[PDB]
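Worksheet: the structure to be examined is printed underneath.
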Amino acid sequence: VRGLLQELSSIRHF
Amino acid sequence: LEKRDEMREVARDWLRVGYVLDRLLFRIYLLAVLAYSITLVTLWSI
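Quick note, the sequences are listed as chains A and B, same order.
Going by this note's numbering, the first residue of the first sequence is number 32, and it counts up by one from there.
Going by this note's numbering, the first residue of the second sequence is number 27, and it counts up by one from there.
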């Protein structure tokens, strides 16, 4: 499992 | 992204402050004009 999704989620949020 | 977003939020808060002050000062100015006018007409009548 990689924590790349928590970054993309934030970017999409912005 | 959050680097820009942060400044955007700060600008939003300053916008809030500025707006509140602007509305308040608008009330003050309006009431001042009305009072000056009522003094004007009370002088006009006498």
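Virtual Cβ for every residue (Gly too), placed ideally from N, Cα, C.
task = Determine the extent of the alpha helix (DSSP H) in which residue 42 (chain A) is found, giving its start and end residues.
result = 36–44
inquiry  = Please state the DSSP three-state secondary structure of residue 34 (chain B).
reply    = helix
message = So the candidates are A:36, A:33, A:45; which of them puts its Cα closest to the Cα of residue 35 (chain B)?
response = A:45
task = Find the residues of chain A that neighbour residue 27 (chain B), judging by a C-beta separation of less than 8 Å, and give them in chain order.
result = 41, 42, 45
Rounded C-alpha distance that separates residue 39 (chain A) from residue 32 (chain B) = 18 Å
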